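This chain uses plain numbering: 1 for the first residue, then up along the sequence.
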Amino acid sequence: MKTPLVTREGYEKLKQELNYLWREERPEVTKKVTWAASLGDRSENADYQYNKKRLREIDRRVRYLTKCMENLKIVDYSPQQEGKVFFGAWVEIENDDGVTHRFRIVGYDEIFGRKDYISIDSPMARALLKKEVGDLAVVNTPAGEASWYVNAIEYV
């Protein structure tokens, strides 16, 4: 349920974050918690407490990111082996009443609505994983029963 593969692009980000976190926001957060204490009482002060949390949360991701950088795996792959869906592949799919929605498959670690918003350890990513330019893919979930048609695969 935890997958190491990560795009080259996505890698740059993870690095970027740890950078922004340790060099740019840790300074900001620690600085406020400072004044907070100088300013007064611990409980009634909401900013002393809020900032303590964001700093606990901040150093937390700092920890996670750091380890995922070393254990993550990059998938530098271009158009040569194409046709089949597997990774970093922008896929288009169809619904009978007309539901059309795009998506490229990339890892959960760093996915946001920015580059591609589908993780590989995901149902759709599983069904659609390796299927030709026009197969009939299925997906199941609690109330979710679903049929989809693979339209086009674009790797760029």
Side-chain angles (χ1 to χ4, degrees), residues 1-78 85-95 97-130 137-146 148 150-151 153-156:
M1 62 78 106
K2 214 170 298 186
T3 276
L5 313 166
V6 174
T7 314
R8 263 290 185 173
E9 296 106 68
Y11 193 108
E12 286 162 45
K13 298 177 193 168
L14 279 158
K15 309 207 80 142
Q16 197 154 57
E17 211 178 72
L18 204 71
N19 279 351
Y20 182 102
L21 238 63
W22 168 55
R23 301 173 180 179
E24 256 203 64
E25 183 123 87
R26 278 292 266 76
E28 285 189 359
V29 192
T30 326
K31 247 123 202 173
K32 281 204 76 190
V33 201
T34 281
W35 211 288
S38 183
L39 283 187
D41 29 26
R42 283 151 201 65
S43 300
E44 93 190 15
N45 191 306
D47 198 72
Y48 161 56
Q49 307 253 32
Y50 174 62
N51 270 273
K52 181 151 274 193
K53 182 205 193 175
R54 204 60 170 293
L55 132 55
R56 280 177 196 144
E57 294 187 299
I58 193 174
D59 272 281
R60 244 167 159 187
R61 210 147 123 69
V62 101
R63 192 218 322 153
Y64 185 91
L65 237 74
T66 261
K67 62 185 176 179
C68 283
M69 293 270 267
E70 354 186 294
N71 314 14
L72 245 52
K73 206 294 172 73
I74 315 184
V75 180
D76 215 58
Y77 200 67
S78 51
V85 179
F86 41 80
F87 213 76
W90 297 83
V91 161
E92 33 209 295
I93 43 68
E94 284 166 329
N95 171 302
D97 288 88
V99 193
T100 189
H101 207 306
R102 53 202 183 220
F103 60 64
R104 168 162 164 172
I105 313 178
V106 292
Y108 152 42
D109 297 322
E110 282 320 326
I111 160 271
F112 345 61
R114 52 152 75 204
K115 259 169 194 155
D116 342 87
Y117 34 100
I118 285 295
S119 50
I120 179 183
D121 277 45
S122 78
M124 196 97 103
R126 289 302 147 203
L128 223 321
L129 189 35
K130 298 190 157 191
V138 311
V139 347
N140 52 59
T141 120
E145 40 161 46
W148 257 270
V150 173
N151 218 313
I153 308 79
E154 304 169 304
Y155 274 62
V156 106

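Among all heavy-atom pairs drawn from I120 and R126, the shortest one is O-NH2, 2.8 Å. Closest approach of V85 and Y155 over heavy atoms only: O-OH, 2.9 Å. The heavy-atom pair separating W148 from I93 by the smallest distance is NE1-CD1, 3.1 Å. Across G107 and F87, no two heavy atoms sit closer than the pair N-CZ, 4.2 Å. Of all heavy-atom pairs between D109 and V6, the closest is OD2-CG2, 3.5 Å.
With sequence neighbours excluded, the residues satisfying side chain to side chain contact (heavy atoms under 4.5 Å, CB included) with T30 are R26. With sequence neighbours excluded, the residues that form a side chain to side chain contact (heavy atoms under 4.5 Å, CB included) with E28 are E25. Qualifying side chain to side chain donor-acceptor pair (under 3.5 Å) partners for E17, counting only residues two or more places apart in sequence or in other chains: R61. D116 meets the side chain to side chain contact (heavy atoms under 4.5 Å, CB included) test with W90, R104, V106; sequence neighbours excluded. With sequence neighbours left out, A137 forms a side chain to side chain contact (heavy atoms under 4.5 Å, CB included) with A127, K131.
In this structure, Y108 and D121 have side chains that are not in contact, with every pair of non-hydrogen atoms separated by 4.5 Å or more. The side-chain heavy atoms of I118 and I111, taken from C-beta on, include no pair separated by under 4.5 Å.
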**OP:** Would you please test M69 and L14 for side-chain contact (heavy atoms from CB on, under 4.5 Å) and show each step?
**Re:** CA-CA 7 Å; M69 293 270 267; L14 279 158; 3.9 Å; yes
Original post:
Are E154 and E92 close enough, and set up right, to give a side-chain contact (heavy atoms from CB on, under 4.5 Å), and what steps lead you there?
Top reply: CA-CA 9 Å; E154 304 169 304; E92 33 209 295; 3.5 Å; yes
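Note: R8 CZ to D76 CG = 5.0 Å, rounded to the nearest 0.5 Å. Taken from CG in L65 to CH2 in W22, the straight-line distance is 13.0 Å, to the nearest 0.5 Å. Once rounded to the nearest 0.5 Å, the distance linking CD of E110 with NZ of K13 reads 7.5 Å.
Residue-environment remark: CG (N140) stays at or below the threshold of 12 foreign heavy atoms within 6.0 Å. By the 6.0 Å contact criterion, NZ on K15 is open, its count of non-hydrogen atoms from other residues, nucleotides or ligands being 12 or less. When the shell of 6.0 Å around CD of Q16 is examined, it contains 12 or fewer heavy atoms from other residues, nucleotides or ligands.
Without hydrogens or angle criteria, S122 side chain to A125 main chain gives a donor-acceptor distance under 3.5 Å.
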Residues 42-50 side chain polar contacts: donor-acceptor under 3.5 Å, at least two apart:
{"unit_1": "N45", "atom_1": "OD1", "unit_2": "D47", "atom_2": "N", "d": "2.8"}
{"unit_1": "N45", "atom_1": "OD1", "unit_2": "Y48", "atom_2": "N", "d": "2.7"}
{"unit_1": "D47", "atom_1": "OD1", "unit_2": "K32", "atom_2": "NZ", "d": "2.7"}
{"unit_1": "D47", "atom_1": "OD1", "unit_2": "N51", "atom_2": "ND2", "d": "3.2"}
{"unit_1": "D47", "atom_1": "OD2", "unit_2": "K32", "atom_2": "NZ", "d": "2.6"}
{"unit_1": "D47", "atom_1": "OD2", "unit_2": "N51", "atom_2": "ND2", "d": "3.3"}
{"unit_1": "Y48", "atom_1": "OH", "unit_2": "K52", "atom_2": "NZ", "d": "2.7"}
{"unit_1": "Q49", "atom_1": "NE2", "unit_2": "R42", "atom_2": "O", "d": "3.1"}
{"unit_1": "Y50", "atom_1": "OH", "unit_2": "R54", "atom_2": "NH1", "d": "2.6"}

